[PDB]
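Okay, so here's the structure we're looking at.
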Amino acid sequence: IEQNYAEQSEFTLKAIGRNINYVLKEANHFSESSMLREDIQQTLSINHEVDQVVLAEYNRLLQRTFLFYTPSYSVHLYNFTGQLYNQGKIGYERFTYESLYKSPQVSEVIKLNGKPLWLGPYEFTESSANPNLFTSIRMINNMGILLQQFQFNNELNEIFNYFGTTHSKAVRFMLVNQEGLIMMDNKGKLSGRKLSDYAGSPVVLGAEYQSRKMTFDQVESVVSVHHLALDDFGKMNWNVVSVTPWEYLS
(Lines give C-alpha, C1' and ligand atoms only; values in the text may rest on other atoms or scores of the structure.)
Protein backbone atom coordinates (compact mmCIF):
# COMPACT_ATOMS: atom_id res chain seq x y z
CA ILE A 1 0.00 0.00 0.00
CA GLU A 2 3.16 2.13 0.21
CA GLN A 3 4.50 2.72 -3.30
CA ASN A 4 1.23 1.49 -4.84
CA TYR A 5 -0.92 4.48 -3.90
CA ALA A 6 1.84 6.84 -5.08
CA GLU A 7 1.89 4.99 -8.43
CA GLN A 8 -1.87 5.34 -8.65
CA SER A 9 -1.94 8.94 -7.40
CA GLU A 10 0.67 10.28 -9.81
CA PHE A 11 -1.27 8.80 -12.74
CA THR A 12 -4.62 10.06 -11.42
CA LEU A 13 -3.45 13.61 -10.76
CA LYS A 14 -1.84 13.83 -14.20
CA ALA A 15 -5.04 12.56 -15.87
CA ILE A 16 -7.07 15.11 -13.90
CA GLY A 17 -4.67 17.79 -15.12
CA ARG A 18 -5.01 16.75 -18.76
CA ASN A 19 -8.80 16.69 -18.52
CA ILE A 20 -8.93 20.17 -17.02
CA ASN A 21 -6.86 21.29 -19.98
CA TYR A 22 -9.35 19.63 -22.35
CA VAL A 23 -12.18 21.63 -20.75
CA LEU A 24 -10.25 24.86 -21.35
CA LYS A 25 -9.36 23.88 -24.94
CA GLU A 26 -13.03 23.21 -25.66
CA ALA A 27 -13.99 26.61 -24.25
CA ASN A 28 -11.19 28.10 -26.39
CA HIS A 29 -12.63 26.51 -29.56
CA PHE A 30 -16.05 27.89 -28.57
CA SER A 31 -14.63 31.40 -28.03
CA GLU A 32 -12.63 31.30 -31.26
CA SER A 33 -15.65 30.25 -33.35
CA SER A 34 -17.86 32.92 -31.78
CA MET A 35 -15.44 35.81 -32.24
CA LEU A 36 -14.68 35.10 -35.90
CA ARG A 37 -18.34 35.86 -36.61
CA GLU A 38 -18.82 38.82 -38.94
CA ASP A 39 -21.82 40.17 -37.02
CA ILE A 40 -20.08 40.00 -33.61
CA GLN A 41 -17.14 42.06 -34.90
CA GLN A 42 -19.32 44.62 -36.67
CA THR A 43 -21.21 46.24 -33.81
CA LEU A 44 -18.07 46.18 -31.67
CA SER A 45 -16.40 48.28 -34.37
CA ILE A 46 -18.98 50.99 -33.66
CA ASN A 47 -17.10 53.72 -31.81
CA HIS A 48 -20.17 55.48 -30.42
CA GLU A 49 -23.46 54.86 -28.64
CA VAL A 50 -26.08 52.95 -30.63
CA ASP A 51 -29.87 53.11 -30.65
CA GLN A 52 -31.83 51.10 -28.11
CA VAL A 53 -33.26 49.04 -30.99
CA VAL A 54 -29.81 48.20 -32.37
CA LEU A 55 -28.71 47.43 -28.80
CA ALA A 56 -31.50 44.91 -28.16
CA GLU A 57 -30.70 43.29 -31.52
CA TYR A 58 -27.03 43.00 -30.57
CA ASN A 59 -28.00 41.66 -27.15
CA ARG A 60 -30.05 38.94 -28.87
CA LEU A 61 -27.06 38.09 -31.08
CA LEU A 62 -24.86 37.80 -27.98
CA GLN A 63 -27.45 35.58 -26.27
CA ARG A 64 -27.73 33.26 -29.26
CA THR A 65 -23.98 33.27 -29.97
CA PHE A 66 -22.58 32.88 -26.46
CA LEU A 67 -25.18 31.41 -24.11
CA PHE A 68 -26.12 28.14 -25.75
CA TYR A 69 -22.75 26.49 -25.12
CA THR A 70 -23.56 24.54 -21.95
CA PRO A 71 -20.94 25.91 -19.48
CA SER A 72 -21.03 29.46 -20.90
CA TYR A 73 -22.34 31.78 -18.22
CA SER A 74 -21.81 35.37 -19.38
CA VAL A 75 -20.11 37.53 -22.00
CA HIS A 76 -18.77 41.08 -21.83
CA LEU A 77 -17.62 42.59 -25.14
CA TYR A 78 -16.05 46.03 -25.03
CA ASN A 79 -13.82 48.44 -26.91
CA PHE A 80 -11.69 51.31 -25.56
CA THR A 81 -13.98 54.07 -26.84
CA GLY A 82 -16.71 53.63 -24.22
CA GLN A 83 -18.90 50.83 -25.64
CA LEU A 84 -19.71 47.72 -23.61
CA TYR A 85 -22.15 44.92 -24.45
CA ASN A 86 -23.00 42.14 -22.04
CA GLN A 87 -25.41 39.25 -21.66
CA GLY A 88 -25.43 36.35 -19.32
CA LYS A 89 -27.29 33.70 -17.42
CA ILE A 90 -29.31 34.41 -14.30
CA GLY A 91 -27.21 35.88 -11.47
CA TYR A 92 -24.30 37.05 -13.61
CA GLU A 93 -22.27 40.04 -12.49
CA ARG A 94 -22.58 43.07 -14.76
CA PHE A 95 -19.13 44.70 -14.68
CA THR A 96 -18.82 48.47 -14.97
CA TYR A 97 -17.10 49.83 -18.06
CA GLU A 98 -14.53 51.57 -15.81
CA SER A 99 -13.56 48.36 -14.01
CA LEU A 100 -13.08 46.55 -17.34
CA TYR A 101 -11.24 49.43 -19.03
CA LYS A 102 -8.85 49.88 -16.10
CA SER A 103 -8.52 46.29 -14.93
CA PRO A 104 -4.89 45.25 -14.35
CA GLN A 105 -5.69 42.04 -16.23
CA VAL A 106 -6.10 44.09 -19.43
CA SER A 107 -2.36 44.68 -19.69
CA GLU A 108 -1.74 40.92 -19.50
CA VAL A 109 -4.44 40.21 -22.10
CA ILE A 110 -2.83 42.63 -24.56
CA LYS A 111 0.57 40.96 -24.14
CA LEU A 112 -1.04 37.60 -25.01
CA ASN A 113 -1.93 39.24 -28.35
CA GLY A 114 -5.09 37.25 -29.10
CA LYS A 115 -4.45 34.18 -26.95
CA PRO A 116 -6.77 33.76 -23.96
CA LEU A 117 -5.91 34.65 -20.39
CA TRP A 118 -7.62 32.18 -18.05
CA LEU A 119 -8.36 33.20 -14.46
CA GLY A 120 -9.45 30.46 -12.10
CA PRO A 121 -12.03 30.74 -9.37
CA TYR A 122 -11.23 33.63 -7.00
CA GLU A 123 -8.37 34.75 -9.25
CA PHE A 124 -10.25 37.57 -11.04
CA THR A 125 -10.41 40.20 -8.31
CA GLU A 126 -13.04 42.23 -10.15
CA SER A 127 -15.46 39.26 -10.20
CA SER A 128 -16.76 39.01 -6.63
CA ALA A 129 -20.45 38.10 -7.04
CA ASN A 130 -19.69 34.58 -8.31
CA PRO A 131 -16.09 33.66 -7.43
CA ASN A 132 -16.60 30.00 -8.43
CA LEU A 133 -16.59 30.99 -12.14
CA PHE A 134 -13.62 30.56 -14.47
CA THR A 135 -12.89 33.64 -16.58
CA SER A 136 -11.38 33.83 -20.06
CA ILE A 137 -10.20 37.17 -21.45
CA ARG A 138 -8.77 37.80 -24.90
CA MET A 139 -7.98 40.61 -27.33
CA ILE A 140 -10.21 40.58 -30.42
CA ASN A 141 -9.83 42.20 -33.84
CA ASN A 142 -6.54 45.91 -31.91
CA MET A 143 -10.26 46.55 -31.42
CA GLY A 144 -11.81 45.14 -28.29
CA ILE A 145 -11.77 42.65 -25.45
CA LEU A 146 -13.87 39.47 -25.08
CA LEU A 147 -14.41 38.58 -21.42
CA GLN A 148 -16.30 35.35 -20.76
CA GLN A 149 -17.23 33.51 -17.58
CA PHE A 150 -17.91 29.79 -17.34
CA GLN A 151 -19.61 27.46 -14.88
CA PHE A 152 -17.26 24.47 -14.71
CA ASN A 153 -18.17 23.01 -11.29
CA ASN A 154 -20.10 20.07 -12.79
CA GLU A 155 -17.38 19.33 -15.34
CA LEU A 156 -14.45 19.41 -12.92
CA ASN A 157 -16.35 17.45 -10.29
CA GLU A 158 -17.04 14.76 -12.90
CA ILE A 159 -13.33 14.73 -13.76
CA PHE A 160 -12.38 14.27 -10.09
CA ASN A 161 -14.87 11.42 -9.62
CA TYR A 162 -14.05 9.71 -12.91
CA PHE A 163 -10.26 9.72 -12.65
CA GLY A 164 -9.71 9.88 -8.86
CA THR A 165 -12.66 8.38 -6.94
CA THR A 166 -11.41 5.00 -8.23
CA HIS A 167 -9.97 4.08 -4.82
CA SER A 168 -12.19 6.02 -2.39
CA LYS A 169 -14.88 8.66 -2.56
CA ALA A 170 -13.25 9.86 0.68
CA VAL A 171 -10.60 11.71 -1.35
CA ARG A 172 -10.62 15.51 -1.40
CA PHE A 173 -9.46 17.20 -4.60
CA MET A 174 -8.55 20.88 -4.80
CA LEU A 175 -7.33 23.23 -7.50
CA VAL A 176 -4.73 25.48 -5.86
CA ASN A 177 -2.77 28.29 -7.47
CA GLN A 178 0.84 29.21 -6.76
CA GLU A 179 -0.04 31.52 -3.85
CA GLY A 180 -1.90 28.68 -2.11
CA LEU A 181 -5.32 30.01 -2.98
CA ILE A 182 -7.74 27.05 -2.87
CA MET A 183 -9.64 27.93 -6.03
CA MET A 184 -11.94 24.89 -5.83
CA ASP A 185 -12.60 22.23 -3.19
CA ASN A 186 -14.64 19.22 -4.31
CA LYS A 187 -15.99 18.93 -0.75
CA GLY A 188 -17.42 22.48 -1.01
CA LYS A 189 -15.87 23.69 2.26
CA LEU A 190 -12.48 25.33 1.62
CA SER A 191 -13.03 27.30 -1.62
CA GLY A 192 -11.41 30.73 -1.46
CA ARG A 193 -9.25 29.92 1.57
CA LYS A 194 -5.49 29.38 2.01
CA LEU A 195 -3.94 25.93 1.69
CA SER A 196 -1.40 26.77 4.42
CA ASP A 197 -4.23 27.35 6.89
CA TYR A 198 -5.40 23.72 6.70
CA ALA A 199 -2.27 21.71 5.82
CA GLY A 200 -0.20 20.77 8.86
CA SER A 201 3.05 20.60 6.86
CA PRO A 202 4.34 22.36 3.72
CA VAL A 203 2.73 21.37 0.44
CA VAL A 204 5.21 21.75 -2.44
CA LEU A 205 3.14 23.67 -4.96
CA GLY A 206 4.79 23.78 -8.40
CA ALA A 207 6.16 20.23 -8.37
CA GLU A 208 5.39 17.74 -11.12
CA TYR A 209 4.50 15.23 -8.42
CA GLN A 210 5.13 15.27 -4.69
CA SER A 211 3.42 13.39 -1.90
CA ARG A 212 3.68 13.80 1.86
CA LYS A 213 1.95 12.43 4.94
CA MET A 214 0.52 15.13 7.20
CA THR A 215 -2.50 16.32 9.09
CA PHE A 216 -4.90 18.13 6.73
CA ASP A 217 -8.14 19.76 8.01
CA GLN A 218 -8.05 17.53 11.14
CA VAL A 219 -7.35 14.19 9.38
CA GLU A 220 -4.08 12.27 9.17
CA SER A 221 -3.73 12.06 5.39
CA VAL A 222 -1.50 11.63 2.36
CA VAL A 223 -1.44 14.93 0.46
CA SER A 224 -0.29 14.76 -3.17
CA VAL A 225 0.37 17.65 -5.54
CA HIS A 226 0.78 17.87 -9.31
CA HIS A 227 1.54 21.15 -11.04
CA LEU A 228 -0.40 21.74 -14.25
CA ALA A 229 1.86 22.67 -17.13
CA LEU A 230 -0.40 25.59 -18.10
CA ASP A 231 1.48 28.59 -16.74
CA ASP A 232 2.27 31.51 -19.04
CA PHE A 233 4.61 34.11 -17.47
CA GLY A 234 3.30 33.16 -14.05
CA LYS A 235 -0.38 33.37 -15.02
CA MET A 236 -2.50 30.18 -14.92
CA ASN A 237 -0.07 28.79 -12.34
CA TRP A 238 -2.29 25.97 -11.05
CA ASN A 239 -1.90 22.69 -9.17
CA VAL A 240 -4.15 19.72 -8.44
CA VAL A 241 -3.92 18.67 -4.80
CA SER A 242 -5.44 15.46 -3.44
CA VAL A 243 -6.02 14.59 0.22
CA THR A 244 -6.62 10.94 1.15
CA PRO A 245 -7.23 9.75 4.73
CA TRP A 246 -4.32 7.60 5.88
CA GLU A 247 -6.79 5.06 7.29
CA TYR A 248 -7.68 4.09 3.73
CA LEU A 249 -4.02 3.16 3.17
CA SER A 250 -3.45 1.22 6.41
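Ligands are numbered from 1 in the order shown, residues from 1 within each chain, and chains are lettered A, B, ... in the order they appear in the C-alpha coordinates.
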
Quiz item: Out of range 71-248 of chain A, which residues get strand (DSSP E) from DSSP, as a PyMOL selection string?
Solution: chain A and resi 72-79+84-88+117-119+134-140+144-150+172-177+182-185+210-216+219-227+238-245

Quiz prompt | Nearby residues (only C-alpha atoms) at most 12 Å from residue 28 in chain A, same-chain spacing under 5 positions excluded, as a PyMOL selection string | solution = chain A and resi 21-23+33-35+69+72+114-118+135-138+146+148-150

Exercise. Tell me, as a ChimeraX atom specification, which residues lie within 9 Å of residue 55 in chain A, counting only C-alpha atoms; anything in the same chain fewer than 5 positions away does not count.
Key: /A:50,60,85

Self-check item: helix (DSSP H, G or I) per DSSP on the backbone: members of range 17-211 of chain A, as a PyMOL selection string
Solution: chain A and resi 17-35+38-45+52-66+97-101+104-112+153-164+195-197

Quiz item: Could you state the separation of CA of residue 236 in chain A and CA of residue 208 in chain A in Å, given to one decimal place?
Solution: 15.2 Å

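Residue nearest residue 123 in chain A within the list A:89, A:14, A:193, A:212: A:193 [criterion: smallest interatomic distance, only C-alpha atoms].
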
Quiz prompt | Residue contacts of range 1-10 of chain A (7 Å, only C-alpha atoms) excluding same-chain residues fewer than 2 positions away, as a list in words | solution = residues 12, 13, 14, 209 and 249 of chain A

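For the set A:103, A:74, A:47, A:186, the residue with the smallest atom-to-atom gap to residue 147 in chain A is A:74, counting only C-alpha atoms.
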
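Of the residues under consideration (A:39, A:11, A:20, A:133), A:20 shows the shortest atom-to-atom contact distance to residue 230 in chain A when counting only C-alpha atoms.
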
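Shortest separation to residue 170 in chain A among A:239, A:127, A:187, A:154 occurs at residue A:187, atoms counted being only C-alpha atoms.
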
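Proximity ranking of A:244, A:157, A:210, A:83 relative to residue 45 in chain A places A:83 first, based on only C-alpha atoms.
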
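Between CA of residue 217 in chain A and CA of residue 198 in chain A lies a distance of 5.0 Å.
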
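Closest approach to residue 215 in chain A from the set A:188, A:238, A:176, A:246 is made by A:246, with distances taken over only C-alpha atoms.
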
Exercise. Extract, using only C-alpha atoms, all DNA, RNA and protein residues at most 7 Å from residue 16 in chain A, discarding same-chain residues fewer than 5 positions from it, and format them as a PyMOL selection string.
Key: chain A and resi 159-160+163

Prev. selection, C-alpha atoms, output as a tab-separated table (two decimals), in the first residue's frame:
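out_6.tsv, written as the output of this step:
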```
chain	number	residue	atom	x	y	z
A	159	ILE	CA	-13.33	14.73	-13.76
A	160	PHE	CA	-12.38	14.27	-10.09
A	163	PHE	CA	-10.26	9.72	-12.65
```

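Going from CA of residue 125 in chain A to CA of residue 151 in chain A covers 17.0 Å.
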